[PDB]
Amino acid sequence: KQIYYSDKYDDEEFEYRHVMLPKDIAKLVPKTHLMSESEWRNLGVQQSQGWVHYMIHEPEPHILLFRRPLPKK
Amino acid sequence: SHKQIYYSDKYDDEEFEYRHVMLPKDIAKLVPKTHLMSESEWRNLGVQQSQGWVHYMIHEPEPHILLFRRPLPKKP
């Protein structure tokens, strides 16, 4: 498999997006704490900047929810 | 599923920058069977990406997958 990034969906202050990890590397996503910008890059998830892991997902561990405030506004 | 379309990483080389959008199989049919798309055509599918992308090939085996590519600068 490979990593797939979705389309962005934004709200009143955040441009949203989530990554789809192959179950292969999903078993490296810590379940106890959010990943640091430096942490997820080490996984394989290449993105721009300002994209930060904002929420832990216990149900579906292969989905990394990312956030970032609207385009350097 | 608040999302269905998926973009892969920009695997590139010293000539062209690649990527490939992945449509949900419930749309493969709206994808022109006989010709390559124009920016307008794929944007219509809902594929959102940088303007410079170009539909250079139809993925025969599994058609629901769009194959884009763009030129990588430096010579020229």
# chains A, B, ... in the order shown; residues from 1 in each chain; ligands from 1
>>> residues_around(residues="range 48-50 of chain A", least_positions_apart="6", cutoff="9 Å", atoms="only C-alpha atoms", output="PyMOL selection string")
chain A and resi 37+67-69+72
>>> interface_residues(of="chain A", to="chain B", cutoff="10 Å", atoms="only C-alpha atoms", output="ChimeraX atom specification")
/A:2-9,17-20,44-47
>>> write_last_selection(atoms="C-alpha atoms", output="mmCIF file, in the first residue's frame")
data_model
loop_
_atom_site.group_PDB
_atom_site.id
_atom_site.type_symbol
_atom_site.label_atom_id
_atom_site.label_comp_id
_atom_site.auth_asym_id
_atom_site.auth_seq_id
_atom_site.Cartn_x
_atom_site.Cartn_y
_atom_site.Cartn_z
ATOM 1 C CA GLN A 2 1.029 3.668 0.151
ATOM 2 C CA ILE A 3 -0.069 6.862 1.917
ATOM 3 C CA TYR A 4 -3.090 8.780 0.617
ATOM 4 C CA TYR A 5 -3.905 12.345 1.579
ATOM 5 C CA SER A 6 -7.500 13.520 1.274
ATOM 6 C CA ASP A 7 -8.934 16.842 0.040
ATOM 7 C CA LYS A 8 -9.054 19.787 2.440
ATOM 8 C CA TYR A 9 -12.281 20.787 4.157
ATOM 9 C CA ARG A 17 -7.299 17.152 5.962
ATOM 10 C CA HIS A 18 -6.564 13.542 7.010
ATOM 11 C CA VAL A 19 -3.970 11.012 5.911
ATOM 12 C CA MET A 20 -4.572 7.310 5.196
ATOM 13 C CA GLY A 44 6.404 9.025 5.791
ATOM 14 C CA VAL A 45 3.697 11.700 5.801
ATOM 15 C CA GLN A 46 5.084 14.572 3.716
ATOM 16 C CA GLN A 47 2.967 17.761 3.845
#
>>> closest_residue(among="B:43, B:68, B:30, B:37", to="residue 17 in chain B", atoms="only C-alpha atoms")
B:68
>>> closest_residue(among="B:67, B:72, B:54, B:45", to="residue 24 in chain B", atoms="only C-alpha atoms")
B:45
>>> atom_distance(atom1="CA of residue 26 in chain A", atom2="CA of residue 43 in chain A")
9.2 Å
>>> residues_around(residues="residue 36 in chain B", least_positions_apart="4", cutoff="12 Å", atoms="only C-alpha atoms", output="mmCIF file with N, CA and C atoms, in the first residue's frame")
data_model
loop_
_atom_site.group_PDB
_atom_site.id
_atom_site.type_symbol
_atom_site.label_atom_id
_atom_site.label_comp_id
_atom_site.auth_asym_id
_atom_site.auth_seq_id
_atom_site.Cartn_x
_atom_site.Cartn_y
_atom_site.Cartn_z
ATOM 1 N N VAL B 31 -15.369 9.071 -15.990
ATOM 2 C CA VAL B 31 -14.029 9.327 -16.473
ATOM 3 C C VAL B 31 -13.945 8.943 -17.935
ATOM 4 N N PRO B 32 -13.742 9.928 -18.820
ATOM 5 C CA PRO B 32 -13.626 9.755 -20.261
ATOM 6 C C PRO B 32 -12.819 8.523 -20.610
ATOM 7 N N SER B 40 -10.029 21.366 -17.129
ATOM 8 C CA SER B 40 -11.451 21.520 -16.885
ATOM 9 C C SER B 40 -12.122 20.179 -16.629
ATOM 10 N N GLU B 41 -11.806 19.202 -17.476
ATOM 11 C CA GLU B 41 -12.392 17.869 -17.387
ATOM 12 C C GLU B 41 -12.183 17.143 -16.068
ATOM 13 N N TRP B 42 -10.949 17.124 -15.562
ATOM 14 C CA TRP B 42 -10.706 16.448 -14.299
ATOM 15 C C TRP B 42 -11.139 17.275 -13.110
ATOM 16 N N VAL B 54 -0.922 17.545 -15.281
ATOM 17 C CA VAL B 54 -1.352 17.127 -16.618
ATOM 18 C C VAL B 54 -1.661 15.640 -16.707
ATOM 19 N N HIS B 55 -2.861 15.311 -17.186
ATOM 20 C CA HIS B 55 -3.306 13.919 -17.329
ATOM 21 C C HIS B 55 -2.544 13.298 -18.494
ATOM 22 N N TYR B 56 -1.458 12.607 -18.195
ATOM 23 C CA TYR B 56 -0.639 12.020 -19.242
ATOM 24 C C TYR B 56 -0.946 10.569 -19.582
ATOM 25 N N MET B 57 -1.748 9.895 -18.764
ATOM 26 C CA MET B 57 -2.016 8.486 -19.023
ATOM 27 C C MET B 57 -3.239 7.879 -18.308
ATOM 28 N N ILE B 58 -3.873 6.936 -19.004
ATOM 29 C CA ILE B 58 -5.036 6.214 -18.508
ATOM 30 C C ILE B 58 -4.503 4.938 -17.851
ATOM 31 N N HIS B 59 -4.854 4.708 -16.587
ATOM 32 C CA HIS B 59 -4.377 3.517 -15.893
ATOM 33 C C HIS B 59 -5.261 2.342 -16.303
ATOM 34 N N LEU B 66 -6.542 7.977 -11.496
ATOM 35 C CA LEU B 66 -6.042 8.976 -12.434
ATOM 36 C C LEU B 66 -4.515 9.180 -12.299
ATOM 37 N N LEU B 67 -3.810 9.200 -13.429
ATOM 38 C CA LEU B 67 -2.363 9.390 -13.439
ATOM 39 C C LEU B 67 -1.958 10.771 -13.927
ATOM 40 N N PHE B 68 -1.563 11.646 -13.009
ATOM 41 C CA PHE B 68 -1.120 12.986 -13.377
ATOM 42 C C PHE B 68 0.407 13.078 -13.328
#
>>> atom_distance(atom1="CA of residue 56 in chain A", atom2="CA of residue 41 in chain A")
16.6 Å
>>> select_by_dssp(residues="chain B", states="helix (DSSP H, G or I)", output="list in words")
residues 28, 29, 30, 39, 40, 41, 42, 43, 44 and 45 of chain B
>>> write_last_selection(atoms="N, CA and C atoms", output="PDB file, in the first residue's frame")
ATOM      1  N   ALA B  28     -15.819   5.924 -11.535  1.00  0.00           N
ATOM      2  CA  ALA B  28     -14.934   5.514 -12.621  1.00  0.00           C
ATOM      3  C   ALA B  28     -15.542   5.767 -14.001  1.00  0.00           C
ATOM      4  N   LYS B  29     -16.844   5.509 -14.126  1.00  0.00           N
ATOM      5  CA  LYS B  29     -17.566   5.676 -15.391  1.00  0.00           C
ATOM      6  C   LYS B  29     -17.680   7.113 -15.933  1.00  0.00           C
ATOM      7  N   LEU B  30     -17.617   8.122 -15.064  1.00  0.00           N
ATOM      8  CA  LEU B  30     -17.704   9.514 -15.522  1.00  0.00           C
ATOM      9  C   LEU B  30     -16.357   9.948 -16.101  1.00  0.00           C
ATOM     10  N   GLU B  39      -7.627  20.154 -18.028  1.00  0.00           N
ATOM     11  CA  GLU B  39      -7.776  20.665 -16.670  1.00  0.00           C
ATOM     12  C   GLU B  39      -9.231  20.739 -16.277  1.00  0.00           C
ATOM     13  N   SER B  40     -10.029  21.366 -17.129  1.00  0.00           N
ATOM     14  CA  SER B  40     -11.451  21.520 -16.885  1.00  0.00           C
ATOM     15  C   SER B  40     -12.122  20.179 -16.629  1.00  0.00           C
ATOM     16  N   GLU B  41     -11.806  19.202 -17.476  1.00  0.00           N
ATOM     17  CA  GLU B  41     -12.392  17.869 -17.387  1.00  0.00           C
ATOM     18  C   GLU B  41     -12.183  17.143 -16.068  1.00  0.00           C
ATOM     19  N   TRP B  42     -10.949  17.124 -15.562  1.00  0.00           N
ATOM     20  CA  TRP B  42     -10.706  16.448 -14.299  1.00  0.00           C
ATOM     21  C   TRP B  42     -11.139  17.275 -13.110  1.00  0.00           C
ATOM     22  N   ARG B  43     -11.154  18.597 -13.253  1.00  0.00           N
ATOM     23  CA  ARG B  43     -11.613  19.424 -12.146  1.00  0.00           C
ATOM     24  C   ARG B  43     -13.077  19.140 -11.960  1.00  0.00           C
ATOM     25  N   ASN B  44     -13.743  18.817 -13.057  1.00  0.00           N
ATOM     26  CA  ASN B  44     -15.159  18.511 -13.011  1.00  0.00           C
ATOM     27  C   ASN B  44     -15.452  17.295 -12.139  1.00  0.00           C
ATOM     28  N   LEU B  45     -14.524  16.343 -12.122  1.00  0.00           N
ATOM     29  CA  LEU B  45     -14.673  15.138 -11.311  1.00  0.00           C
ATOM     30  C   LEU B  45     -14.576  15.499  -9.836  1.00  0.00           C
TER      31      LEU B  45
END
